[PDB]
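pasting the first chains of the complex, positions unchanged:
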Amino acid sequence: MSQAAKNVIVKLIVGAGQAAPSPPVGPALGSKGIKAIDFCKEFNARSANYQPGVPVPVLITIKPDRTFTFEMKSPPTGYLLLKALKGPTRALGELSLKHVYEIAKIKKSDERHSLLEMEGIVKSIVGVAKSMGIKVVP
Amino acid sequence: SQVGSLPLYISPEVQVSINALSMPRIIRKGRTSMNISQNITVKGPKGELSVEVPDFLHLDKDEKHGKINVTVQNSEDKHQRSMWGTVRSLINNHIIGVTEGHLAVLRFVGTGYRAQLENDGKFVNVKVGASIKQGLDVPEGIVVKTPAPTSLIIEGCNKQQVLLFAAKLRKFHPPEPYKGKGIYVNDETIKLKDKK
Amino acid sequence: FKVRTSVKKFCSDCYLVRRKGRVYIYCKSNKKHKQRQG
Amino acid sequence: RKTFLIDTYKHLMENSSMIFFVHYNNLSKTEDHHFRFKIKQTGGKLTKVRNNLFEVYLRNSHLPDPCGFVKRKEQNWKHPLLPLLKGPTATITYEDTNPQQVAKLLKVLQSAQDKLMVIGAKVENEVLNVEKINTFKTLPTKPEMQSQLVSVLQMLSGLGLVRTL
């Protein structure tokens, strides 16, 4: 009878991080039926560093109960290029393939995108350049 | 064709016989005709019931593995082919009824919407928003029972008859869209409109 | 019922039926799609 | 070649649940024995699978078993992924897909996962995607039942009929 059912994952418009209750995102976990406070202890162990509370897509995955596996991803996909640079794709700031590969290393450094090949991440990097006002130099 | 080709499984308790009618009748179309000669019967534990059937159709009873098949004299004849798929399906339904029994749950939905067995099972009184009393007599073969007032069950050997009766019962008040409210036969659904 | 000469099926849930020497188009989803050929 | 050996390939894609399928080349003999042990738990033996006739076996579904007379070249190509394996494959006589059964097999597989080469998800009872196999892994079949053939099966006699009054 028991089988892979469905629950919830909190993020809505991709959220941020840095470990905190989060207004009304924490309460949104309440709408989902789970709190968001002591998770920040472990979440802080998963959310800090030089980056100023980077908005790494809040992967607030929830189990069929309060108990839940909360995670995130690589530094905001687009932000990577946006930070590096402060027609072709969206033109504007152009990121050399070398810098693109360097950003691919950063993305692949994160365990979430570690599975993603740096070459595939480079293609995804062109996608962020296509969306945000950025450009990828061949 | 694809339906009629599917062989029917039988358990030892049930017997699918066939034999000619006492007075065969002929259905006359515009150009084509159809002579009802044979009369299939499905006798079993819960009851027994029969199907009057054309001459071109005939069974093929096998001793091994409890299978029986059904075939027509000309599958390329359209009318015969159409009949073949029907008859097989009918006798399958009969088999199911005699061994297991057909069922039809009616759930009543509404304030003061409920059924009642008035004449010791022989008349299903139905109260569904009417000054006049409503209801209808149960046919022969059909047995009705009411676990709850708002949840009636119809039961019988003939799949045709039971589900017809259920439909008749429903017809007093089919489900309204605005409030899911009325009489729902088996897994019946209705897309509820926004209130506004 | 929209009684008309032209009787096309609108959505995927529409289905055509031939009864009483008339083409009916009933529909399982949208009840507005009920049509009849004359 | 096909013949009886393709019938063993059919044994891999039979009913029930839980399958293995791994490259024969670079397969740890100790791990291979453990894989055989895993199939021996449910009863069976490892069966070697080679290409050319494997693609032919995959080409014909629910058809008379092909034999030496049947030729890979004589059969049409169309589907280019017909040969799922890229070389010799050693797979125990496992069944279909079951997380409970594969769990123990995975433990042995993980120990030398680098040495062996797993076979990508190939549409069986349901469409299986190698690229989406990650989702298939996260969302596998319901392993609530462990009896499979014995008991349950068709003798489970589940009288659900009416459950809501």
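That came through fine. Numbering: from 1, shown residues only, chains lettered A, B, ... in the order given.

drop to CA atoms for contacts and neighbour counts, all remaining ones
Will do.

Check the burial of residue D:116 by counting its neighbours.
Other residues within reach of residue D:116, judged by other CA atoms under 10 Å in any protein chain shown, total 22.

Can you tell me the closest non-neighbouring residue to it?
Using CA to CA, 6 or more residues apart in numbering or on different chains and skipping the chain neighbours, the partner closest in space to residue D:116 is residue D:27 (5.0 Å).

How about the secondary structure of that neighbour?
coil (DSSP: H, G, I helix; E, B strand; the rest coil).

Okay, buried residues for the helix or strand hosting residue D:35 please.
In this assignment (DSSP states H and E), residue D:35 forms part of helix D:29-42. Buried residues in helix D:29-42, defined by neighbour count with 16 or more other CA atoms under 10 Å in any protein chain shown: D:31-40.

Enumerate every residue touching residue C:38.
Shown in contact with residue C:38 (CA atoms under 8 Å, 6 or more residues apart in numbering or on different chains): C:3-5, C:22.

can you list these in JSON lines and add secondary structure?
Listed next are those as JSON lines, based on three-state DSSP:
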{"residue": "C:3", "secondary structure": "strand"}
{"residue": "C:4", "secondary structure": "strand"}
{"residue": "C:5", "secondary structure": "coil"}
{"residue": "C:22", "secondary structure": "strand"}
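
In the lengthiest helix in chain B, which residues are buried?
The residue-count maximum for a helix in chain B (DSSP state H) belongs to helix B:78-99. Neighbour counts over helix B:78-99 (16+ other CA under 10 Å) mark B:80-81, B:83-85, B:87-99 as buried.

and what of stretch D:75-82?
residue D:82.

what's the distance between it and the middle of its chain?
20 Å (CA atoms, centre = their mean, to the nearest Å).

thinking again about what came up before, mind checking what helix or strand follows the helix holding residue D:35 in sequence?
Taking DSSP H and E, what comes next after helix D:29-42 is strand D:46-49.

which other residues reach that next one?
Contacts for strand D:46-49 (CA under 8 Å, 6+ apart): D:5, D:8-9, D:24, D:35-36, D:39, D:88-93.

Out of those residues, name the ones that lie in helices.
Using DSSP H, the subset of the contacts of strand D:46-49 located in helices is D:5, D:8-9, D:35-36, D:39.

JSON lines for the residues you listed, including distance to residue B:162?
Shown next, in JSON lines, are the ones in helices among the contacts of strand D:46-49 (distance: CA to CA, whole Å):
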{"residue": "D:5", "distance to residue B:162": "53"}
{"residue": "D:8", "distance to residue B:162": "49"}
{"residue": "D:9", "distance to residue B:162": "49"}
{"residue": "D:35", "distance to residue B:162": "55"}
{"residue": "D:36", "distance to residue B:162": "55"}
{"residue": "D:39", "distance to residue B:162": "50"}
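
Quick one: neighbours of the residue in chain C that chain A sits nearest to, just the number.
Residue nearest to chain A within chain C: residue C:29 (27.1 Å; CA to the nearest CA). Residue C:29 has 13 neighbours, counted by other CA under 10 Å.

cool, and residue A:74?
19.

Does it touch residue A:110 like I think?
Yes. Using CA atoms under 8 Å, residue A:74 is in contact with residue A:110, at 5.3 Å.

Spatially nearest residue to residue C:32 (excluding sequence neighbours)?
residue C:1 is the one closest to residue C:32 (CA to CA, 6+ apart), at 7.4 Å.

now for RNA strand E:
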RNA sequence: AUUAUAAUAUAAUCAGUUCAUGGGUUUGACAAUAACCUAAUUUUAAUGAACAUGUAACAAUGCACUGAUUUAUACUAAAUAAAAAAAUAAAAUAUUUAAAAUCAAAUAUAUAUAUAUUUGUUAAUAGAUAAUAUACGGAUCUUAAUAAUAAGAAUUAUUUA
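Next up, RNA strand E placed on what we already have:
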């Protein structure tokens, strides 16, 4: 024609993607705008190595078909099947409704088969509709073994005696 002997049945509907822009609101569908691309597990860091043929990256197999929704979520969702004595023939998506062309049949010339001419390619229903009275002129006509000496269009198409 193309795809065919490989579809309803069958889950999953995913990897850029949440397409980008504007945008209180918009992740499918807010309108505008854009429309193809990565992903192939058994395993990972802030100032450098195409990207490799691994027996194969590739695969539109979707810019959620399309609603849904405050926008999303939910949610259907292109991916597509089980099931083939095989094609010879009963799949879909269409275009088509033709003997011009091609093909077959025939005439005509030289005639051991050379040219030219001629002939051969859709059906039913609905649409249907006024006024003394139905009005194919009327009757009425579509056939059924069993079964008569015995019926079987009396309509349309092409023909015979």
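
Same as before for the buried residues of helix D:29-42, with RNA strand E this time.
D:31-40.

that older thread, give me the next element, helix or strand, following the longest helix of chain B.
Immediately after helix B:78-99, counting by DSSP H and E, sits strand B:102-109.

And the contacts of that next one?
B:96, B:114-115, B:150-159, B:162-163, B:166, B:170, B:180-186, D:165.

what does stretch A:36-49 give?
Here stretch A:36-49 has contacts from A:17-22, A:26-27, A:29, A:53, A:70-71, using CA under 8 Å, 6+ apart.

If any of the residues you listed are buried, put those into a PyMOL selection.
The following PyMOL line selects those of the contacts of stretch A:36-49 that are buried, judged by 16+ other CA under 10 Å:
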select buried, chain A and resi 17+18+19+20+21+22+26+29+70+71
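
Next, check the contacts of stretch A:36-49 against the strands and list the overlap.
A:70-71 (DSSP state E).

Roughly how far does residue A:40 sit from residue B:85?
Residue A:40 sits 66 Å away from residue B:85, going by CA to CA, to the nearest Å.

Residues of chain D that sit close to chain A?
D:139-144 (CA under 8 Å from any CA of the partner chain).

Please list the residues of chain A that sit near chain D.
Residues of chain A lying close to chain D (CA under 8 Å from any CA) are A:1-4.

which one of those sits closest to RNA strand E?
Proximity of the residues of chain A next to chain D to RNA strand E, judged by CA to the nearest atom of the strand, is greatest for residue A:4, which lies at 8.2 Å.

If you drop the residues flanking it in sequence, what lies closest to residue A:76?
Nearest residue to residue A:76, sequence neighbours excluded (CA to CA, 6+ apart): residue A:56, at 5.0 Å.

what separates the one you found from residue D:98, distance-wise?
35 Å.

same deal with residue D:25?
Relative to residue D:98, residue D:25 is positioned 25 Å away (CA to CA).

Out of these two, name the residue with the larger neighbour count.
Neighbours per residue, other CA under 10 Å: of residue D:25 and residue D:98, the larger number sits with residue D:98, 18 against 13.

Test my guess that the more buried one contacts residue D:140.
Yes. Assessed by CA under 8 Å, residue D:98 is found in contact with residue D:140 at 7.1 Å.

Run through the residues that contact whichever residue of chain A sits closest to chain D.
Closest residue of chain A to chain D, CA to the nearest CA: residue A:3 (4.5 Å). Residues counted as contacts of residue A:3 (CA under 8 Å, 6+ apart) are D:141-144.

Smallest gap between chain D and chain A, at which residue?
Counting by CA to the nearest CA, chain D gets nearest chain A through residue D:142, at 4.5 Å.

Show the contacting residues for that residue.
Counted by CA under 8 Å, 6+ apart, residue D:142 has contacts A:1-4, D:98.

which residues sit against stretch B:73-91?
In contact with stretch B:73-91 (CA under 8 Å, 6+ apart) are residues B:1-5, B:8, B:42, B:51, B:53, B:56-57, B:70-72.

Please produce a markdown table containing the residues of chain A next to chain D, extended by distance to residue A:11 and secondary structure.
Shown next, in a markdown table, are the residues of chain A next to chain D (distance: CA to CA, whole Å; DSSP: H, G, I helix; E, B strand; the rest coil):
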| residue | distance to residue A:11 | secondary structure |
| --- | --- | --- |
| A:1 | 31 | coil |
| A:2 | 27 | coil |
| A:3 | 25 | coil |
| A:4 | 22 | coil |
